[PDB]
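Below is one structure, written out as structure tokens; comments come after it.
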Amino acid sequence: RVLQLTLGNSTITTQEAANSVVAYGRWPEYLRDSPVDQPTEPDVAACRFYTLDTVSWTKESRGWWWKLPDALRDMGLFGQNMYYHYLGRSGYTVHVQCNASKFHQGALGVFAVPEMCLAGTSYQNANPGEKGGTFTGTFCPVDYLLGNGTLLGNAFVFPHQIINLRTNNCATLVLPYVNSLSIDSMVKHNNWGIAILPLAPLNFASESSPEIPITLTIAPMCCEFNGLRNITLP
Amino acid sequence: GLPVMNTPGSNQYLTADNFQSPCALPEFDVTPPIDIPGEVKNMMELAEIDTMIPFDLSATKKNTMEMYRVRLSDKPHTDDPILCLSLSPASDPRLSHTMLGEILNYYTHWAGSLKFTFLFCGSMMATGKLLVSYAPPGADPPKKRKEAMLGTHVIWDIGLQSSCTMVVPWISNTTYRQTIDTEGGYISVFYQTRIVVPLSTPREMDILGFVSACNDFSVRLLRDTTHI
Amino acid sequence: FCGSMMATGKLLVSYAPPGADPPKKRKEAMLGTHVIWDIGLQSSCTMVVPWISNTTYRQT
Amino acid sequence: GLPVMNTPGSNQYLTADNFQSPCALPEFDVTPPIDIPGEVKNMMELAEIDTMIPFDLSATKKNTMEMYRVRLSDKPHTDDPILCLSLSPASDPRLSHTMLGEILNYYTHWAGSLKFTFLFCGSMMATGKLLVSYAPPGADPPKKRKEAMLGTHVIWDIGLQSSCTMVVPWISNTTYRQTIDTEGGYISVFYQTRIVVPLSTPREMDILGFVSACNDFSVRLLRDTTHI
Amino acid sequence: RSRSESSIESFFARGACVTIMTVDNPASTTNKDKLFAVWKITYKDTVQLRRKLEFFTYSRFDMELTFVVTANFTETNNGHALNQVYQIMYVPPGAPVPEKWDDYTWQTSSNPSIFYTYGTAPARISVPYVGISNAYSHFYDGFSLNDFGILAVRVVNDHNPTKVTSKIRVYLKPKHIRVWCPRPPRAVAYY
Amino acid sequence: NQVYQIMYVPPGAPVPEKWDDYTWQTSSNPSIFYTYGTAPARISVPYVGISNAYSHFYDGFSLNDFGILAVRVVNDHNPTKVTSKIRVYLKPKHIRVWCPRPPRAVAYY
Amino acid sequence: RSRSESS
């Protein structure tokens, strides 16, 4: 069975979004009552599954990472909205599938990390746009650290899902908007940050594709923006 | 006016106390807080999150992903445990570095049930059976598969379910385990049968291990130590 | 698709509407309308392109 | 008598506190107050009064009536704004000296809606149309009339109504604007059409500008700075 | 068994000296700058508190500050003096911080102040949450860390001819805490 | 007027070693700053047995704890030595006992 | 928003 999800001009097929995890079990929604609260609401075409360029997981692949909204600082509309607008706030459904054959043992951890400050500093350095940033096992923040001198084994606190190949081959984190504010400048501040690390090292059979692809399908949800609308009076 | 007597204890600052203190910005209105998602209300609600156990702390393998997998292989079929593991959440380096352990570090007594997990993450076509055994405390970790099968133990079929979970139970005379040094039990994994596979698929699977607290777990008497 | 039963991948099929120019990069095409058809899940992507024309009868 | 314990904080004078103090004239009867008209109850009720904005702070024009009018003329019909104006009620010298600004000076965060006014005060027979545009913050003030017409903007006909009013809206991520340095938006005025006139009437009109707070405006965390 | 001892409060709520402000009596003789001492309230020095906080991403907390003052003469000389009195200034965020010993800032009405006379019940005040946003952050993934004001202390007795140094421990103790998005804790080591 | 610090160290907690060992600062330890010449300081730790009652006798192998007191002056560079005694006056409250035993002769202690 | 701090 395969569900075919649609968001206007975009469509994604999904085996079974049974293993969907909403971070902190909070579904993303708009700003509740708590016009005057300037909720410019363009939930039309900026809410379509976008697809980042796939990375090629290999034997010695350390890991990948993308900041959000950053990633979509170009995905057409949404990327636009993050300029004609000063303020905004979107949740996001991140949908990571990585099709592989039944002969590829391996396992990835997808970690959504609120305010993912990757340590070891210059805007561009920490914003790899749409191609994401990679880790290293010794610029590239240390993998088993996630920049921040932490022991990997604890990552699992952060909304996470494990793509153990000999089972599900997809994963879907659902991040809701999270921040110390109620709305904010979507451009200069990346609420989330998705890191994908290989837990079990990718291994396969003799003559088989030695580099399985993994795609990210980030769809901004219930997004909104500030206001330019002023007011007049007679 | 009203006659009073200041008893002993007056005018001493007692860090460990709390009394209504005069506020320095009584006019100042505080910024109302929002419904930020993911509010934590109790430290336990972190100990409750299964995290990875660094099974190998060999200087080499440590401080890199390598300290978390177990090289299930297909080399000479020895008869020792695949990975023994003492359940001293604090008295054992392996378990010490876990999240659970991190919260345990800030307490002296804690007493609950640890639940473990072993997610196999080898071929989809690979198959075998491993015996996971709970040696209860006081005793000695089992060294032969046989001894372990006599004890409590799951016979977890790789091929049928990619993950054996299993809550070890709570025990202690002193009905609060002390984090410091000396019992706690063990958990071993035995090759029950070799991990047989079809074609060129590698003979090198791996297994991940989790640990976390169950609802019965709790801690008491805080004790920070972190210094420099 | 009529390749291996074990083969697997994902192809992006995109409808560039008329007037515009056919997309030359996958990226541009993902911005447009487009199915992301998983080889591995369904052996066939179908898709009805829509009818359009100012001159409400296309000339051959 | 009643046993008591003086906790820490006793016998300290804390400017920021208030406690019933013994009165020095307990017999003395105070003069009853009258209903003097014009009692103010809240500082905002001054910020709410549209006052004049010194558009020109040129050493020459400043410190005299001249710092408040804009020489709408009929010279080479350039394409820049007639008078751009950044809405940093505090971060801009022009707006700083206003009454609104004066109250803002005594606070750190304030956050509301500014309403402006442009009372034209040229010939009764004069006539034209000026475009007033609100460039929202983050962006850049518009430099051509065209760009400004694309933005929000009133097309205010001199000839029909001697005054264009217009409430700029409240915005801020940090839902309390900081008075110090850096955004806030802008307000420009474009000659839309030249200001055409009948007979010898001079080709030198002028326009006055007001600013004030709306009901939504408010301030918090007082901070006096005035010294010497 | 009960969870009580590990609730957020029971965890965070704990008096912890976060610093020691040291000043010198305005000995008109040679006192250079020790005249007043000023500290920008930040957890970032006490590994202990710092760590517990970084266990989360966001948090709010009315901070209560106690003050313990301790003096002693510097010269074994016949050091005499009258009970001094210290001024404790709290400077709320985005307010000017004193520079001189006698900078106008001490007088400035905004700043809540404390006059603690030496040898008495330790002074104490408690600024409420003062974030401009809805919670202090501990991490950020954007560009141009939060404030909690400044403490400022200066002796007030003036022409004393006997140098009298004094430490002032500050014992900050988070109260009414609430946190968000737990994160793995940093190894004791890096600090 | 000096001021003494009185640290209570609950059972199974590290006890200070240096004068300025980090332990004085360590948040766990309830503390007391008693300024000399004032109302005597006072605190009251509750029962802190890990078990259900302190024992007085044992018939097994590997006595209980009730923490540690620690005191240190805080005024630093004083150039005049000032020795100070601190009597502690412990006073059991809310007591309850079990299994009375014959009392030991005054002599052996 | 509230006016309180400026009464």
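Letters for chains follow the order of the structure tokens (A, B, ...), residue numbers begin at 1 for each chain, and ligand numbers begin at 1 in the order shown.
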Using only C-alpha atoms, which chain A residues lie at most 7 Å away from chain B, written as a JSON list (two decimals) with C-alpha atoms, in the first residue's frame?
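That gives us part_7.json:
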```
[["chain", "number", "residue", "atom", "x", "y", "z"],
["A", 24, "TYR", "CA", 7.25, 17.04, 21.50],
["A", 26, "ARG", "CA", 2.82, 19.13, 19.57],
["A", 102, "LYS", "CA", 16.86, -5.66, 0.49],
["A", 103, "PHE", "CA", 20.61, -6.31, 0.36],
["A", 104, "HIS", "CA", 21.80, -3.18, 2.15],
["A", 105, "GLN", "CA", 22.23, -3.43, 5.88],
["A", 106, "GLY", "CA", 22.45, -0.02, 7.58],
["A", 107, "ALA", "CA", 20.79, 2.48, 9.92],
["A", 137, "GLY", "CA", 34.86, 11.97, 12.22],
["A", 144, "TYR", "CA", 29.58, 12.05, 17.29],
["A", 153, "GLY", "CA", 24.45, 8.31, 22.50],
["A", 154, "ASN", "CA", 22.34, 11.09, 24.01],
["A", 156, "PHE", "CA", 17.84, 10.50, 21.04],
["A", 157, "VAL", "CA", 16.47, 13.14, 23.42],
["A", 164, "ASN", "CA", 17.15, 0.91, 10.30],
["A", 166, "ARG", "CA", 16.24, -3.96, 7.55],
["A", 178, "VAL", "CA", 9.57, 26.47, 18.31],
["A", 179, "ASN", "CA", 11.23, 29.57, 19.62],
["A", 199, "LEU", "CA", 24.43, 4.63, 13.43],
["A", 200, "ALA", "CA", 25.10, 1.24, 11.84],
["A", 204, "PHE", "CA", 25.90, -4.22, 1.23],
["A", 205, "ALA", "CA", 26.41, -7.27, -0.99],
["A", 206, "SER", "CA", 29.34, -7.66, -3.38]]
```
Can you check which residues of chain E have any atom within 12 Å of chain D? Use only C-alpha atoms and format it as a short mmCIF file (atom, residue, chain, number, x, y, z; two decimals) with N, CA, C and O atoms, in the first residue's frame.
```cif
data_model
loop_
_atom_site.label_atom_id
_atom_site.label_comp_id
_atom_site.auth_asym_id
_atom_site.auth_seq_id
_atom_site.Cartn_x
_atom_site.Cartn_y
_atom_site.Cartn_z
N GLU E 64 16.29 35.29 42.28
CA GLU E 64 16.44 35.93 43.58
C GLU E 64 17.94 36.04 43.92
O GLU E 64 18.65 35.05 43.74
N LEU E 65 18.43 37.21 44.40
CA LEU E 65 19.85 37.40 44.68
C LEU E 65 20.09 37.76 46.12
O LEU E 65 19.61 38.81 46.55
N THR E 66 20.85 36.93 46.84
CA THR E 66 21.15 37.26 48.23
C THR E 66 22.53 37.93 48.23
O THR E 66 23.26 37.83 47.25
N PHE E 67 22.86 38.63 49.30
CA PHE E 67 24.16 39.25 49.38
C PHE E 67 24.81 39.00 50.74
O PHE E 67 24.26 39.33 51.81
N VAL E 68 26.02 38.43 50.69
CA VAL E 68 26.84 38.20 51.88
C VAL E 68 28.10 39.08 51.80
O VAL E 68 28.91 38.96 50.87
N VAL E 85 28.70 51.03 55.23
CA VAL E 85 27.47 50.65 54.58
C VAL E 85 27.74 50.55 53.07
O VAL E 85 28.31 51.45 52.46
N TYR E 86 27.34 49.42 52.49
CA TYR E 86 27.50 49.18 51.08
C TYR E 86 26.22 49.53 50.35
O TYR E 86 25.11 49.37 50.89
N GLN E 87 26.45 50.03 49.13
CA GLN E 87 25.37 50.25 48.19
C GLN E 87 25.49 49.11 47.18
O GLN E 87 26.61 48.77 46.73
N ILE E 88 24.30 48.54 46.90
CA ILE E 88 24.08 47.45 45.98
C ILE E 88 23.10 47.97 44.92
O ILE E 88 21.91 48.16 45.18
N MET E 89 23.64 48.20 43.72
CA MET E 89 22.76 48.63 42.65
C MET E 89 22.47 47.48 41.66
O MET E 89 23.35 46.70 41.22
N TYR E 90 21.17 47.33 41.34
CA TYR E 90 20.72 46.35 40.35
C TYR E 90 20.53 47.15 39.06
O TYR E 90 19.80 48.15 39.09
N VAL E 91 21.15 46.76 37.94
CA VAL E 91 20.87 47.64 36.83
C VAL E 91 20.09 46.80 35.88
O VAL E 91 20.64 45.85 35.35
N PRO E 92 18.80 47.11 35.64
CA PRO E 92 17.97 46.29 34.74
C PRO E 92 18.53 46.32 33.34
O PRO E 92 19.28 47.23 32.99
N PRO E 93 18.20 45.32 32.52
CA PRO E 93 18.76 45.27 31.14
C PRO E 93 18.59 46.52 30.25
O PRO E 93 17.57 47.21 30.27
N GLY E 94 19.65 46.83 29.48
CA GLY E 94 19.61 47.97 28.58
C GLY E 94 19.59 49.30 29.35
O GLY E 94 18.93 50.26 28.95
N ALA E 95 20.29 49.32 30.47
CA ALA E 95 20.38 50.53 31.26
C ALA E 95 21.86 50.86 31.35
O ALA E 95 22.67 49.94 31.27
N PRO E 96 22.28 52.13 31.47
CA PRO E 96 23.71 52.44 31.60
C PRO E 96 24.25 51.91 32.93
O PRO E 96 23.57 51.95 33.95
N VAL E 97 25.49 51.40 32.90
CA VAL E 97 26.18 50.83 34.05
C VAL E 97 27.17 51.85 34.61
O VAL E 97 27.87 52.48 33.83
N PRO E 98 27.30 52.06 35.94
CA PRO E 98 28.27 53.02 36.47
C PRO E 98 29.69 52.82 35.96
O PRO E 98 30.07 51.68 35.69
N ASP E 103 29.81 58.20 39.60
CA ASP E 103 29.12 58.47 38.36
C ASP E 103 27.66 58.72 38.72
O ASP E 103 27.16 58.15 39.69
N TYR E 104 26.98 59.56 37.93
CA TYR E 104 25.58 59.85 38.21
C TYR E 104 24.72 58.59 38.34
O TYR E 104 23.73 58.60 39.07
N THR E 105 25.09 57.50 37.65
CA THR E 105 24.30 56.27 37.65
C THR E 105 23.91 55.80 39.05
O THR E 105 22.79 55.31 39.21
N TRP E 106 24.80 55.92 40.04
CA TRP E 106 24.35 55.49 41.36
C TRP E 106 23.08 56.24 41.76
O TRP E 106 22.15 55.64 42.28
N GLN E 107 23.02 57.55 41.51
CA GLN E 107 21.88 58.34 41.90
C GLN E 107 20.63 58.04 41.07
O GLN E 107 19.53 58.09 41.62
N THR E 108 20.79 57.72 39.78
CA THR E 108 19.70 57.53 38.82
C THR E 108 18.56 56.63 39.29
O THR E 108 18.73 55.42 39.40
N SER E 109 17.39 57.26 39.45
CA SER E 109 16.15 56.70 39.98
C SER E 109 15.70 55.34 39.47
O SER E 109 15.06 54.62 40.24
N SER E 110 15.99 54.98 38.21
CA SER E 110 15.56 53.73 37.60
C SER E 110 16.07 52.51 38.38
O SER E 110 15.32 51.61 38.82
N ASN E 111 17.38 52.51 38.56
CA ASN E 111 18.08 51.44 39.25
C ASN E 111 17.60 51.21 40.66
O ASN E 111 17.75 52.09 41.52
N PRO E 112 16.97 50.04 40.92
CA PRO E 112 16.65 49.61 42.29
C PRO E 112 17.97 49.51 43.07
O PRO E 112 19.04 49.06 42.58
N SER E 113 17.90 49.93 44.34
CA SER E 113 19.14 49.96 45.07
C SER E 113 18.96 49.40 46.50
O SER E 113 17.88 49.28 47.12
N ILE E 114 20.12 49.06 47.04
CA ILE E 114 20.24 48.44 48.33
C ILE E 114 21.32 49.11 49.18
O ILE E 114 22.47 49.26 48.80
N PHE E 115 20.91 49.52 50.36
CA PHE E 115 21.94 49.94 51.26
C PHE E 115 21.99 48.93 52.39
O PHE E 115 21.11 48.89 53.28
N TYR E 116 23.03 48.10 52.34
CA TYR E 116 23.23 47.09 53.34
C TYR E 116 24.26 47.65 54.28
O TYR E 116 25.33 47.99 53.81
N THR E 117 23.95 47.78 55.57
CA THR E 117 24.96 48.19 56.54
C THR E 117 25.77 46.95 57.00
O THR E 117 25.21 45.95 57.44
N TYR E 118 27.11 47.01 56.92
CA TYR E 118 27.91 45.84 57.25
C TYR E 118 27.45 45.21 58.55
O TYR E 118 26.90 45.90 59.40
N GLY E 119 27.70 43.91 58.67
CA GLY E 119 27.34 43.22 59.90
C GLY E 119 25.86 43.35 60.21
O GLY E 119 25.46 44.05 61.15
N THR E 120 25.04 42.65 59.42
CA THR E 120 23.60 42.65 59.59
C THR E 120 23.07 41.43 58.83
O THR E 120 23.86 40.63 58.34
N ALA E 121 21.74 41.28 58.75
CA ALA E 121 21.12 40.20 57.98
C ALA E 121 21.50 40.40 56.51
O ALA E 121 21.35 41.49 55.97
N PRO E 122 22.00 39.37 55.82
CA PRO E 122 22.38 39.52 54.41
C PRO E 122 21.24 40.15 53.62
O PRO E 122 20.07 39.79 53.76
N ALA E 123 21.64 41.09 52.78
CA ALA E 123 20.78 41.83 51.88
C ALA E 123 20.11 40.90 50.88
O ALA E 123 20.64 39.84 50.54
N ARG E 124 18.96 41.30 50.34
CA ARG E 124 18.36 40.43 49.35
C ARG E 124 17.30 41.14 48.51
O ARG E 124 16.56 41.97 49.04
N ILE E 125 17.19 40.83 47.21
CA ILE E 125 16.20 41.45 46.32
C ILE E 125 15.79 40.35 45.36
O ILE E 125 16.40 39.29 45.40
N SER E 126 14.78 40.56 44.51
CA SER E 126 14.54 39.47 43.55
C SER E 126 13.94 39.96 42.23
O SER E 126 12.72 40.06 42.12
N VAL E 127 14.79 40.23 41.22
CA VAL E 127 14.28 40.77 39.97
C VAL E 127 13.42 39.68 39.38
O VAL E 127 13.77 38.53 39.54
N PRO E 128 12.32 40.02 38.67
CA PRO E 128 11.44 38.98 38.11
C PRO E 128 12.07 38.65 36.74
O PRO E 128 13.13 39.22 36.39
N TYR E 129 11.45 37.71 35.99
CA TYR E 129 11.93 37.40 34.64
C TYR E 129 12.10 38.71 33.83
O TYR E 129 11.21 39.59 33.84
N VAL E 130 13.21 38.90 33.12
CA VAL E 130 13.26 40.21 32.50
C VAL E 130 13.60 40.04 31.06
O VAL E 130 14.27 40.91 30.49
N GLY E 131 13.18 38.90 30.50
CA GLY E 131 13.52 38.69 29.09
C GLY E 131 12.69 39.63 28.22
O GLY E 131 11.54 39.91 28.58
N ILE E 132 13.28 40.12 27.12
CA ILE E 132 12.48 41.02 26.29
C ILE E 132 11.53 40.16 25.46
O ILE E 132 10.49 40.64 25.03
N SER E 133 11.98 38.92 25.24
CA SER E 133 11.31 37.86 24.50
C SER E 133 10.45 37.07 25.47
O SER E 133 10.25 37.51 26.60
N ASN E 134 9.99 35.87 25.06
CA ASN E 134 9.15 35.12 25.98
C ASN E 134 9.89 34.15 26.86
O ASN E 134 9.20 33.57 27.67
N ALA E 135 11.21 33.94 26.71
CA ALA E 135 11.96 33.07 27.62
C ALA E 135 13.44 33.29 27.38
O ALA E 135 13.82 33.54 26.25
N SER E 144 22.94 38.94 14.75
CA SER E 144 22.54 40.31 15.09
C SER E 144 21.76 40.92 13.91
O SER E 144 22.26 40.82 12.77
N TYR E 171 24.53 35.34 45.89
CA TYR E 171 23.95 34.01 45.88
C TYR E 171 22.62 34.09 45.19
O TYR E 171 21.59 34.30 45.85
#
```
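Near chain A, within 10 Å and using only C-alpha atoms, the residues of chain E are residues 57, 58, 59, 60, 131, 132, 133, 134, 135, 136, 137, 138, 139, 140, 141, 142, 143, 144, 180, 181, 182, 183, 184, 185, 186, 187, 188, 189 and 190 of chain E.
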Check your understanding: Counting only C-alpha atoms, what is within 7 Å of segment 32-48 of chain E, bar same-chain residues fewer than 5 positions away, as a VMD selection string?
Key -> (chain B and resid 226 to 227) or (chain E and resid 18 21 to 26 101 148 to 154 191)
Output N, CA and C atoms of each residue in that selection to a file, as a PDB file, in the first residue's frame.
```pdb
ATOM      1  N   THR B 226      29.857  18.352  39.673  1.00  0.00           N
ATOM      2  CA  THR B 226      30.545  19.059  38.599  1.00  0.00           C
ATOM      3  C   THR B 226      31.363  20.236  39.130  1.00  0.00           C
ATOM      4  N   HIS B 227      32.672  20.221  38.856  1.00  0.00           N
ATOM      5  CA  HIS B 227      33.570  21.280  39.281  1.00  0.00           C
ATOM      6  C   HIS B 227      34.703  21.386  38.266  1.00  0.00           C
TER       7      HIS B 227
ATOM      8  N   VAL E  18      27.571  32.723  42.526  1.00  0.00           N
ATOM      9  CA  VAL E  18      27.907  32.826  41.131  1.00  0.00           C
ATOM     10  C   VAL E  18      29.061  33.797  40.965  1.00  0.00           C
ATOM     11  N   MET E  21      32.063  39.822  44.116  1.00  0.00           N
ATOM     12  CA  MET E  21      32.376  41.207  43.822  1.00  0.00           C
ATOM     13  C   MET E  21      33.247  41.720  44.965  1.00  0.00           C
ATOM     14  N   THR E  22      34.342  42.410  44.636  1.00  0.00           N
ATOM     15  CA  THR E  22      35.231  42.892  45.683  1.00  0.00           C
ATOM     16  C   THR E  22      35.438  44.382  45.489  1.00  0.00           C
ATOM     17  N   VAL E  23      35.328  45.161  46.568  1.00  0.00           N
ATOM     18  CA  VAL E  23      35.523  46.598  46.449  1.00  0.00           C
ATOM     19  C   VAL E  23      36.419  47.057  47.590  1.00  0.00           C
ATOM     20  N   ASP E  24      36.859  48.303  47.498  1.00  0.00           N
ATOM     21  CA  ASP E  24      37.668  48.862  48.561  1.00  0.00           C
ATOM     22  C   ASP E  24      37.040  50.169  49.038  1.00  0.00           C
ATOM     23  N   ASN E  25      37.126  50.400  50.349  1.00  0.00           N
ATOM     24  CA  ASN E  25      36.654  51.638  50.929  1.00  0.00           C
ATOM     25  C   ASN E  25      37.348  52.775  50.180  1.00  0.00           C
ATOM     26  N   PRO E  26      36.649  53.864  49.762  1.00  0.00           N
ATOM     27  CA  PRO E  26      37.300  54.988  49.079  1.00  0.00           C
ATOM     28  C   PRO E  26      38.436  55.643  49.869  1.00  0.00           C
ATOM     29  N   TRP E 101      33.438  56.270  40.379  1.00  0.00           N
ATOM     30  CA  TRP E 101      32.987  55.816  41.678  1.00  0.00           C
ATOM     31  C   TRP E 101      31.692  56.562  41.972  1.00  0.00           C
ATOM     32  N   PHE E 148      20.474  39.955  32.174  1.00  0.00           N
ATOM     33  CA  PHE E 148      19.756  39.822  33.421  1.00  0.00           C
ATOM     34  C   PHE E 148      20.164  40.987  34.306  1.00  0.00           C
ATOM     35  N   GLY E 149      20.609  42.094  33.693  1.00  0.00           N
ATOM     36  CA  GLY E 149      21.097  43.262  34.420  1.00  0.00           C
ATOM     37  C   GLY E 149      22.573  43.208  34.892  1.00  0.00           C
ATOM     38  N   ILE E 150      22.912  44.158  35.754  1.00  0.00           N
ATOM     39  CA  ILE E 150      24.253  44.310  36.257  1.00  0.00           C
ATOM     40  C   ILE E 150      24.127  44.553  37.763  1.00  0.00           C
ATOM     41  N   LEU E 151      25.089  44.036  38.543  1.00  0.00           N
ATOM     42  CA  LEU E 151      25.147  44.431  39.936  1.00  0.00           C
ATOM     43  C   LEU E 151      26.282  45.433  40.007  1.00  0.00           C
ATOM     44  N   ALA E 152      26.183  46.349  40.947  1.00  0.00           N
ATOM     45  CA  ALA E 152      27.204  47.373  41.130  1.00  0.00           C
ATOM     46  C   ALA E 152      27.290  47.644  42.626  1.00  0.00           C
ATOM     47  N   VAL E 153      28.524  47.643  43.114  1.00  0.00           N
ATOM     48  CA  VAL E 153      28.641  47.870  44.532  1.00  0.00           C
ATOM     49  C   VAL E 153      29.743  48.866  44.742  1.00  0.00           C
ATOM     50  N   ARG E 154      29.489  49.696  45.749  1.00  0.00           N
ATOM     51  CA  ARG E 154      30.431  50.722  46.157  1.00  0.00           C
ATOM     52  C   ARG E 154      30.194  51.058  47.632  1.00  0.00           C
ATOM     53  N   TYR E 191      34.533  23.734  29.703  1.00  0.00           N
ATOM     54  CA  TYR E 191      34.065  24.930  30.387  1.00  0.00           C
ATOM     55  C   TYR E 191      35.257  25.789  30.846  1.00  0.00           C
TER      56      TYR E 191
END
```
Review point. Could you name the residues that touch segment 9-12 of chain F at 10 Å or less, counting only C-alpha atoms, but leaving out those on the same chain fewer than 2 positions away, as a PyMOL selection string?
Key: (chain B and resi 107-109+178-180+221-223) or (chain F and resi 6-7+14-16+23-24+28-31+45+48-50+64-70)
Exercise for review: Excluding residue 86 of chain D and any residue of its chain fewer than 2 positions from it, enumerate the residues within 10 Å of it, using only C-alpha atoms, and give them as a ChimeraX atom specification.
Suggested key: /D:84,88-89,91-95,134-135,137,141,183-188
N, CA and C atoms of the current selection, written as a short mmCIF file (atom, residue, chain, number, x, y, z; two decimals), in the first residue's frame:
```cif
data_model
loop_
_atom_site.label_atom_id
_atom_site.label_comp_id
_atom_site.auth_asym_id
_atom_site.auth_seq_id
_atom_site.Cartn_x
_atom_site.Cartn_y
_atom_site.Cartn_z
N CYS D 84 11.96 61.77 3.27
CA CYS D 84 11.94 60.42 3.77
C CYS D 84 11.95 60.56 5.30
N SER D 88 12.25 55.25 13.60
CA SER D 88 12.85 54.77 14.83
C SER D 88 12.53 55.90 15.81
N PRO D 89 11.39 55.83 16.55
CA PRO D 89 10.94 56.94 17.39
C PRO D 89 12.05 57.48 18.28
N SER D 91 15.72 56.01 17.73
CA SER D 91 16.98 55.92 17.00
C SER D 91 17.13 56.97 15.90
N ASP D 92 16.25 57.97 15.86
CA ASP D 92 16.38 58.97 14.81
C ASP D 92 16.24 60.37 15.38
N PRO D 93 17.26 61.24 15.21
CA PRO D 93 17.22 62.60 15.76
C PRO D 93 15.93 63.34 15.43
N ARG D 94 15.48 63.22 14.17
CA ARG D 94 14.25 63.90 13.78
C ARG D 94 13.13 63.49 14.73
N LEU D 95 12.82 62.20 14.77
CA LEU D 95 11.74 61.81 15.66
C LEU D 95 12.09 61.87 17.14
N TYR D 134 4.48 53.90 3.01
CA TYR D 134 5.07 53.25 4.16
C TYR D 134 6.00 52.08 3.83
N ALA D 135 7.32 52.34 3.77
CA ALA D 135 8.25 51.24 3.56
C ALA D 135 8.33 50.45 4.87
N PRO D 137 9.69 47.77 7.75
CA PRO D 137 11.06 47.53 8.18
C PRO D 137 11.68 46.29 7.54
N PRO D 141 14.23 52.15 2.21
CA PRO D 141 13.33 53.24 1.85
C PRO D 141 13.29 53.33 0.33
N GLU D 183 16.21 48.48 13.03
CA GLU D 183 15.14 48.69 12.06
C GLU D 183 13.99 49.53 12.62
N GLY D 184 12.92 49.62 11.82
CA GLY D 184 11.74 50.36 12.19
C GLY D 184 10.88 50.79 11.00
N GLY D 185 11.45 50.77 9.79
CA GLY D 185 10.66 51.19 8.64
C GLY D 185 10.93 52.65 8.24
N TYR D 186 10.12 53.19 7.33
CA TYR D 186 10.27 54.54 6.82
C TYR D 186 8.92 55.05 6.32
N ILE D 187 8.88 56.33 5.95
CA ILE D 187 7.70 57.05 5.50
C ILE D 187 8.25 58.08 4.56
N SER D 188 7.87 57.98 3.31
CA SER D 188 8.35 58.99 2.40
C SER D 188 7.18 59.71 1.73
#
```
Practice item. Pick out the residues sitting within 8 Å of residue 218 of chain B, and hand them over as a list in words; count only C-alpha atoms, and ignore anything fewer than 4 positions along from it in its own chain. Key: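 Skipping anything fewer than 4 positions along the chain leaves residues 44, 110, 111 and 112 of chain B; 1, 2, 3 and 6 of chain E.
Separating atom CA of residue 47 of chain F from atom CA of residue 87 of chain B is a distance of 28.9 Å.
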Excluding segment 20-33 of chain C and any residue of its chain fewer than 4 positions from it, enumerate the residues within 12 Å of it, using only C-alpha atoms, and give them as a tab-separated table (two decimals) with C-alpha atoms, in the first residue's frame.
```
chain	number	residue	atom	x	y	z
A	6	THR	CA	-0.48	16.19	-2.47
A	7	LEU	CA	0.20	19.88	-1.87
A	8	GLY	CA	-0.83	21.60	-5.05
A	9	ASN	CA	1.81	21.36	-7.72
A	10	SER	CA	3.77	18.77	-5.72
A	11	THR	CA	3.13	15.11	-4.92
A	12	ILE	CA	5.04	12.57	-2.89
A	45	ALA	CA	1.56	27.65	-2.46
A	46	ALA	CA	4.33	28.07	0.08
A	48	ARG	CA	4.03	22.31	-0.91
A	49	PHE	CA	6.50	19.43	-0.44
A	50	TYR	CA	9.88	20.65	-1.69
A	51	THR	CA	12.67	18.25	-2.40
A	52	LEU	CA	16.29	18.89	-1.54
A	53	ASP	CA	19.04	17.50	-3.73
A	54	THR	CA	19.60	13.93	-2.54
A	72	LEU	CA	14.19	26.52	1.84
A	74	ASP	CA	15.47	29.23	-2.33
A	75	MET	CA	12.68	26.66	-2.72
A	76	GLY	CA	10.68	29.07	-4.83
A	77	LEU	CA	7.71	30.62	-3.09
A	78	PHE	CA	8.50	29.94	0.55
A	79	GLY	CA	12.01	31.25	-0.07
A	130	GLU	CA	19.78	23.62	0.18
A	131	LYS	CA	22.76	21.27	-0.19
A	217	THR	CA	11.11	16.36	1.42
C	11	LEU	CA	12.20	9.84	-10.75
C	12	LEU	CA	10.67	13.31	-10.91
C	13	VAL	CA	8.12	13.80	-13.70
C	14	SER	CA	7.28	17.46	-14.37
C	15	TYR	CA	4.67	19.26	-16.34
C	16	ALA	CA	6.11	22.47	-17.81
C	47	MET	CA	-0.72	11.59	-14.83
C	48	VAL	CA	-3.35	13.54	-16.85
C	49	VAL	CA	-1.89	16.75	-18.25
C	50	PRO	CA	-4.66	19.44	-18.35
```
